[PDB]
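Chains as they are written, first to last, in PDB author numbering: chain A, 256 to 383; chain C, 256 to 383; chain B, 24 to 401, 410 to 510; chain E, 9 to 126, 129 to 464; chain F, 9 to 474; chain D, 319 to 475; chain G, 219 to 272.
I have placed the structure first, in the form of structure tokens, so that the comments after it can refer back to it.
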Amino acid sequence: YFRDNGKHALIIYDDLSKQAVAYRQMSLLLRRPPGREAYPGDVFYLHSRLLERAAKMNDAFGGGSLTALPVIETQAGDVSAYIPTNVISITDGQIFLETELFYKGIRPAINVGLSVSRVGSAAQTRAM
Amino acid sequence: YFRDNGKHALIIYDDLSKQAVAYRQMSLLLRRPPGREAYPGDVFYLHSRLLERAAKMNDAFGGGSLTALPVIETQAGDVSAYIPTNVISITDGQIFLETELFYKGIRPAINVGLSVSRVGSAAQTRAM
Amino acid sequence: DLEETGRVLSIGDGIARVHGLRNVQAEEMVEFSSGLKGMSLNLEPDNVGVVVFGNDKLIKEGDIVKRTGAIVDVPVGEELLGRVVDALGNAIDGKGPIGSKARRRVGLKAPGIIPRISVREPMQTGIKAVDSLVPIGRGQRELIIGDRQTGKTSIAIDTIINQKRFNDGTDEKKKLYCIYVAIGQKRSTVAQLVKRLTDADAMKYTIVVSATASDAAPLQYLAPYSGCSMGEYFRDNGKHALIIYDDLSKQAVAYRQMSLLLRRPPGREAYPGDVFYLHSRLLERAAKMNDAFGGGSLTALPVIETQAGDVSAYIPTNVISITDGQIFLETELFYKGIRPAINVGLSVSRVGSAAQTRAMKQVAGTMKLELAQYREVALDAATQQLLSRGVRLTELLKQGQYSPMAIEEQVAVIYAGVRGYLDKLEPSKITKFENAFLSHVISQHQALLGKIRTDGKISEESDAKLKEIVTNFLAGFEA
Amino acid sequence: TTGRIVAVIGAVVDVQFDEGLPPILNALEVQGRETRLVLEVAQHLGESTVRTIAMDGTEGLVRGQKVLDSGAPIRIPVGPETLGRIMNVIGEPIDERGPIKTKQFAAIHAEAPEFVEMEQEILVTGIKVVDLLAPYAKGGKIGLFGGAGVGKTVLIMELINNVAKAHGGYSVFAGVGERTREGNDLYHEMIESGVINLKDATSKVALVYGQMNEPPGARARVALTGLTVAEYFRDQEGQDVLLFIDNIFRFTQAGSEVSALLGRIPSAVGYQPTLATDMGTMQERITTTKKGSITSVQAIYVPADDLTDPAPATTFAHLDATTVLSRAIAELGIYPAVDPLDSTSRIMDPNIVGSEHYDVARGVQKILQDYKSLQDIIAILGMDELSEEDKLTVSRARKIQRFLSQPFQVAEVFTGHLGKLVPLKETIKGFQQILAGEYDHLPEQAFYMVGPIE
Amino acid sequence: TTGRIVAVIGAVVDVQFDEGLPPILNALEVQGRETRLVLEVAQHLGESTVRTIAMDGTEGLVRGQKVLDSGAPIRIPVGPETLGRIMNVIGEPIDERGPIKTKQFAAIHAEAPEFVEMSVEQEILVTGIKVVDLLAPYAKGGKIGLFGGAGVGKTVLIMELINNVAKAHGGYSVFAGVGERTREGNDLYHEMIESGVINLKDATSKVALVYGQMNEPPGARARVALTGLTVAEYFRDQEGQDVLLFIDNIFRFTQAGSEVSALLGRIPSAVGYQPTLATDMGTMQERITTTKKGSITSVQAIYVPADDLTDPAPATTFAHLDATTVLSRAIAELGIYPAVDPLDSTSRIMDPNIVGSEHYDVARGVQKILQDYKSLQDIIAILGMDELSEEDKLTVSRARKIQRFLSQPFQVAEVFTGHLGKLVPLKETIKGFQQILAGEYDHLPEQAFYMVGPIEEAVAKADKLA
Amino acid sequence: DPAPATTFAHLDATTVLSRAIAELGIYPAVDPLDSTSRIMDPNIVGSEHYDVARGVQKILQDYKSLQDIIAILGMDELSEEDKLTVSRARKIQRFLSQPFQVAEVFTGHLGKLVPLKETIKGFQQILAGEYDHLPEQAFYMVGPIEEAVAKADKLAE
Amino acid sequence: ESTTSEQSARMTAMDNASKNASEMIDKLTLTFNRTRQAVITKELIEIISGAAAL
Ligand SMILES: Nc1ncnc2c1ncn2[C@@H]1O[C@H](COP(=O)(O)OP(=O)(O)O)[C@@H](O)[C@H]1O
Ligand SMILES: Nc1ncnc2c1ncn2[C@@H]1O[C@H](COP(=O)(O)OP(=O)(O)O)[C@@H](O)[C@H]1O
Ligand SMILES: Nc1ncnc2c1ncn2[C@@H]1O[C@H](COP(=O)(O)OP(=O)(O)O)[C@@H](O)[C@H]1O
Ligand code: ALF
Ligand SMILES: [Mg+2]
Ligand SMILES: [Mg+2]
Ligand SMILES: [Mg+2]
């Protein structure tokens, strides 16, 4: 609604890991075929169509925008587990948090040598 | 029969690993669908209902008892595997034996830190 | 007629279910109207399940299916020589019909215990490191194993090129007909291989069976059994054939695809429980026949591709447990310039020592011991000497591609090294030394070489002679 | 013929026909929808019903809804009119510039050239690090490796930009799992640099997008659509075409998702049982025929960084070379972020590229792997314990490092600096020198982010 | 009574009978075949149909093809007329020498010997192989299992045992080749004819051969071990005399069972195996046994898939044994042969009241020093022995010498070791390890204890090395 | 595992126990680097409590990251600061153990209950270096810090 | 003489240590990829086995 009317919205999805668990429950109980970790073959598409709705509109369309910050919970640091791999590949970048950094006193616990932003400088002010 | 008649009995189950394996055969052949590690999803209940029957009775029930020493065979020393922890999670303690101690001449080959008794000194004379 | 023909009930997942075919035999070839062939796999009370040897989109529900009356078989004979065929035996090289006059079942059981004898005639690869240290005999099964890009195929191709000396010779018993089965490889690669064989003039005695990466899985699964039956034709008629399966890793992947589509229970790495047997029945058919069965043979060199040098994985170990040894190739050896990249210590020929010429025997023995002692040490003059010989010997085992060497030349070369004529040389100069010496003995000392070749040994005289030649060559050696 | 939908389960639709069933791989058109909805037949279930995979969403479908058999597999527009346009998997324009008026159409499913229907050459990129150390060969498949956000796509863009020369300069870009934001950015850059001309017919690249938010059957088939566009150029007009596939991992995963949806049992590590034949049927079509050739650059995602994972492992059987980008290199400021010590070619040798080129390349790896040794000691013991000799290897090396850096035309929107296209000639030359020392006094800047040695 | 095939899938054939169903385990005969084709009843499906397993290939079978019930399970020739012969899974001669004219026949299926028939006598069987006799000694009439990954040395070890124990053994031997190389069956047969252990002219042969190798379909590999053991039972009992039974390789029985379990309709268990893996194994293994009537000394090679000793097949086999010899690829790659893991080979007979306190104390001391060393290795992995402490330096040097003195050149491996074979007597194996542990050779180089026989040979080799 | 991984989102505080800690005889076997609470915030428990708890976590995480270099390059190869991380972390590990009253049948020790202020103080004093002179075993299985100073005297004979 | 003997020995020692380590990294890396692959495969076979058994 804000995106399409010349305004700017920020959405946080906290979290998508749980949303995929709910979808899996339905898929398995309707007896659709289970894949890796028992997720169905369209769980990638469940997230990809949700996240491609975030966008920056052109002037003809009002200049508005919708920014998304999905949250994924990993297990024991596994960023190559199914649902995480899917949401990492879909997004424009990722902010990786790590428990070892956190208890060492690095808080926020961001691994800046591994975090990604393909947009980068294009979204910064000149002094920053 | 002893337990309920004022007497005391000691039972050894040697071993419960082989019993779980026979239970998994029967169950798969009855076409009950397997759970983890291809064992029936109630492999814990197989052993918990059995081991619960070892008990100490009060005086009104004649004061007899039944003491059990079930045996589980681990693989490559993995004491924290699924079947092994299921049984640990049932008994009032475990005696864990390790091959490296056995060959070092530490026999009985008891790993002290990983072995416990859940009755403790309540089961020892004052002198011990 | 539902006895001799039937109609497709369903198709997808690679199995065609067929109504009718009441008289079909288990394992019979059936024909679809489109022209594709299939094998009757499952006979059930209300259908026949058929494996399709090609693309199943060319099959639709209602399509007519007809018996052939014959258990799956392929054309065989000397007509297949110099040709390139698919897994069913059809020509794919554009040179016309195969003029074959006989056929043979792809699934024939291997020879039993009685018709055999232990291997005893050399299967010469022309590769110094193999012919000396991992000798292969006619009838033997010797696995070629190692990671991608280690030179596995190249060993095979040089072996095939090597046979021209015998095949263009008189002595028919020394001849060796070759079969190269390409399984899951790229088309362009097979085409490049055929051109190479053609330029080396080795195609005239080779059959190429191809089921490449875009061919349907069942053809890739079948190809090895087909080539094997083409090789058996020589084995049983007093002749000798050599078959290369390049490779069985891809054949087991094609088989796992078919099995999973058939819903067979996946095991280790999701392979079906009969994946060992897939290979075992195939390789048992390479054998050496005693004289009462004509004295012929079928030698096999199956190829297995490892992942990061892990020879303890399921398929590798399966195949190691079927063959009579193996030639292990390693990436580290390759990168360092140890080419061919053969790990000597880990490689083995379980039955080939009995089939190595005495001549090679009288020099490979000491090189084996000398490399055995070296392998320990890689100051102190003694261990330091071992080091020296080991470094020179290793240089001698290096060899380029496409120039498989006659055995008497290999001996002449190994001789220089184990007799010490190379010690006072720069490690860097052995190769140049070896080429110059070989052109020399080849030009100026044919007779001596002809001798070693003919006698099959190095006489007391040939040894004294050779001592002189090498000596007088090392003096004038300029490098 | 016209059939009826009998089942809808997400992206799988079962369709029943009274007469004549559409063979496997045929395209069915659903009737009564605002936008075209294609179903690809995957199986014949028996009882006259076909199981299909949808190429777009299936919400709103009703049991009983009519469906026409196109009488063929998915067909798309092929010809020069595809140049400068953006197309989806079923060949429809998605750039909003109206119809794609070609004179022909082509099936996206096609057998590879037969055994009889098929030497080595070299494809000049104008990118010094590649043309020097790991040059591409026309007709081959090149894997492009690199962590997220390192520059793979930017590199794809420069390659499309530089190719506009010798053997022609036509390109097809297939975006498998294309992120919509990026498909907008790639389009705008192609227009900006001129490779796409919205005014005339000089466009040199056709774009085919299989977007992330599309169903699995659309993402699995878009590489084939892209491949079909290219086959026209090679076959009907005798060209040496370039096919960009970004990313091939998502071709594999889309195939693994379709297999799972059809209820097939997964293979090792969760991949489809048909992993190798799926890869095989696509790749084999990428080859040199007498009529010409198709060279392919394929961005490859490596799961968990395990090169033995089945997906990269199967893909590698089809590659002739690689281009390996590196984050550690990008973060220290060098673009393109190529690791000069990890790129190779199934065919880079003096017999092929010629002593000169060869020696220049190989001379650069020794200096680099030599400078790498001295790094510890320089940092720890100080950049002084170095002998006059070793001290020399360092300055030469550091100088070569930056000469490997290059400002890209398509990178102008980022750095604001001009881009440079460097001829093999000017590349080979400049690197041959370094050793010499003609630049020892020359500082490490007339070397960083420059084109020609001069 | 006759039936008709209603279904065929590989080795599994369904057969419908209009009158009299054949009971489970009966052997049925397929009509219209060039060579005898047996179907063993496995199940009653209902509707007068039974499910069976073929003993040979099913290519060429047609639905409706006729089948007769033989009225009993597979029965084979047993007795003195099997000696010197080669039979297959259904008891047919596969040596081209004509019929096997015995007086007796025996079913290949039979109930195991009951608890009351068990014998409890334990006596050592000396092999002359140092590592086996010292650490995990074999018992006469006992069960011996040789575990090993592909190509690590199980067959070579079997052949050395035949050569050190059998050849000069009172009674008869049975060798059952199960799922291995036919050419190894041709090698064995020829070698026994060359030595006279098999005589094609007299009645003096001492071994009966039974084969069903890796060229056979699964039903034949799943039953061929029963054929071999049936021959051995007869000599055990029906003569009461001490037989040697060699099986190479019993894992192939369990592997063949997993190929058909799928065709039989079962839900798979762990690793894709048959759910019945352990009870199938048990019903076969419990017949391979010494009883009060007579003794069987059985030696079974046990393949280990992907080198994983925890795979359900090798793992379930451990309980069926009295002595285990475990071979390791890592050890083989260090050039130590036989490639026996001295800390994973065990014996129920390694008790001081049986082998005496000196054998027992030396074996326990060798194992303690080798485990102590293994434990140091784990902590030296990166920093070598320098950082190590001189006394630990002494555990290392001794353990290294002991590991090499466990190596030994076998008569059947001379081609690979380039060393003549050696047989070391029990008392000398004990003395030599006793001496090393006492420090008597702390001044000899390691290399001297490698590939020799008795300890006097290490000493010599030491001088030679100088 | 799915059961416990799904339970975390329902809690406000978690106490995670570990067999690897139990095995060393450290009871209660609480993993101090995986036990969390919604009220562990300086504005709720105050900055002193908050700062000591984070300093205890930091030293325990730094010790954990060094253990596998100590074991390989030896303690002597460690900096002096790294040596203090080690001795103090190992003392803090033992001070987190405690004799429970319901666990006397298992420890052979009388149970102890330690007031919040005494807990904060004891750990702040160890981190500050006040007890670098006492042996490790003094902080094992006691209640208040005064009890460790007294055990150190006892052990010193 | 001692310093030259000391430094010569330390080099050689860290050299072996450095080679031992790289070998430990290869066994571990390969252990890691094989285990990661087997966990996914194994978990999936348990899912399918339970699914098909209904
Ligand atoms: N002896 C050799 N000397 C030089 N190059 C070699 C040699 N053997 C093989 N190669 C080259 O190594 C590459 C890999 O060889 P190939 O036989 O295809 O390995 P694989 O079949 O194991 O993948 C090929 O380009 C081949 O030409
Ligand atoms: N050659 C380059 N010059 C400057 N910036 C670059 C270059 N390549 C990449 N970048 C920066 O990195 C970002 C991500 O690049 P991209 O090609 O999308 O990475 P990848 O495809 O590897 O994920 C770009 O948007 C830009 O900010
Ligand atoms: N005792 C041994 N001494 C030397 N080499 C041996 C020995 N045992 C095995 N080997 C080597 O291993 C090869 C395979 O051994 P074998 O017993 O046949 O394997 P398997 O365990 O598969 O039965 C032998 O041919 C030989 O080269
Ligand atoms: F050859 Al084997 F077990 F590998 F007998
Ligand atoms: Mg190859
Ligand atoms: Mg990108
Ligand atoms: Mg063997």
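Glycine included, every Cβ here is placed at the ideal spot set by N, Cα and C.
Exercise for review: With a threshold of 16 other CB atoms inside 10 Å of the CB of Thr380 of chain A, please say whether the residue is buried or exposed.
Suggested key: exposed
Point to revise | Exposed unless 16 or more other CB atoms sit within 10 angstroms - verdict on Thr340 of chain B | key: buried
Check your understanding: In chain order, which alpha helix (DSSP H) runs of at least 4 residues are fully inside the region 237-274 of chain B?
Key -> You should have 240-258.
Check your understanding: For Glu131 of chain E, which of helix, strand or coil comes out of DSSP?
Key -> coil
Check your understanding: For the region 319-337 of chain C, which residues have a CB atom closer than 9 angstroms to at least one CB atom of chain G, in sequence order?
Key -> none
**Study point:** the region 404-437 of chain D: positions lying closer than 9 angstroms to chain C by Cβ
**Key:** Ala421, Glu422, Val423, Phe424, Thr425 and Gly426
Check your understanding: What is the chain-ordered set of residues for which the beta carbon lies under 6 angstroms from any non-hydrogen atom of ligand 2?
Key -> A:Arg373, A:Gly375, E:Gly156, E:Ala158, E:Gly159, E:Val160, E:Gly161, E:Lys162, E:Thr163, E:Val164, E:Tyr345, E:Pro346, E:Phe418, E:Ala421, E:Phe424 and E:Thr425
Check your understanding: Taking C-beta to C-beta, are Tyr294 of chain B and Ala277 of chain B nearer than 8 angstroms?
Key -> Between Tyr294 of chain B and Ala277 of chain B, the C-beta spacing is not below 8 angstroms.
Check your understanding: In chain order, which continuous runs of the alpha helix (DSSP H) of length 4 or greater are located wholly inside the region 358-414 of chain D?
Key -> Complete alpha helix (DSSP H) runs here, min 4: 360-363, 365-391 and 398-413.
Exercise for review: Please compile the residues from chain D whose C-beta is within a distance smaller than 9 angstroms of the C-beta of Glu355 of chain A.
Suggested key: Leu351, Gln379, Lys382 and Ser383
Review point. So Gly187 of chain F and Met222 of chain F are in contact, right, with Cβ under 8 angstroms, and what is the actual spacing, rounded?
Key: 5 angstroms
Review point. Looking at the structure shown, is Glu104 of chain F part of a helix, part of a strand, or coil, going by DSSP?
Key: coil
**Study point:** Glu465 of chain B and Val449 of chain B closer than 8 angstroms at C-beta
**Key:** no
Exercise for review: Spell out whether any CB of chain F is found under 8 angstroms from the CB atom of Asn238 of chain G.
Suggested key: Taking Cβ atoms only, chain F reaches closer than 8 angstroms to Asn238 of chain G, which makes this a yes.
Check your understanding: From B:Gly317, B:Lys60, B:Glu353 and B:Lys175, pick the residue whose C-alpha is nearest to that of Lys196 of chain B; which is it?
Key -> Distances from the alpha-carbon of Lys196 of chain B to those of B:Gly317, B:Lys60, B:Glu353 and B:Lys175 put B:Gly317 closest.
Review point. Is the number of C-beta pairs between the region 308-323 of chain B and the region 130-141 of chain B that are closer than 8 angstroms three or more?
Key: yes
Point to revise | Under 9 angstroms from the C-beta of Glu292 of chain B: neighbouring residues of chain G | key: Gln255, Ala256 and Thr259
**Study point:** 6 angstroms CB neighbourhood of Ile267 of chain C in its chain, flanking five on each side removed
**Key:** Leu324
Review point. On the three-state DSSP scale, how would you describe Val420 of chain F?
Key: Three-state result, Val420 of chain F: helix.
Review point. Which word fits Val326 of chain C, buried or exposed, when buried means at least 16 other C-beta atoms lie within 10 angstroms of its C-beta?
Key: exposed
Exercise for review: Could you tell me whether any non-hydrogen atom of ligand 5 is closer than 7 angstroms to the CB of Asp333 of chain B?
Suggested key: no
Point to revise | When F:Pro226, F:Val205 and F:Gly193 are compared against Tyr219 of chain F, the one with the closest alpha-carbon | key: Of the listed residues, the one whose Cα sits closest to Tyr219 of chain F is F:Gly193.
Check your understanding: What in chain D is Cβ-close to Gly368 of chain C, meaning under 8 angstroms?
Key -> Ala340, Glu341, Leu342 and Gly343
Exercise for review: Quick one: give me the first and last residue of the alpha helix (DSSP H) that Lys435 of chain E is part of.
Suggested key: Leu434 to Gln443
Check your understanding: With a CB to CB cut of under 8 angstroms and the five nearest residues on each side skipped, what residues in its chain are close to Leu284 of chain B?
Key -> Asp36, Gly37 and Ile38
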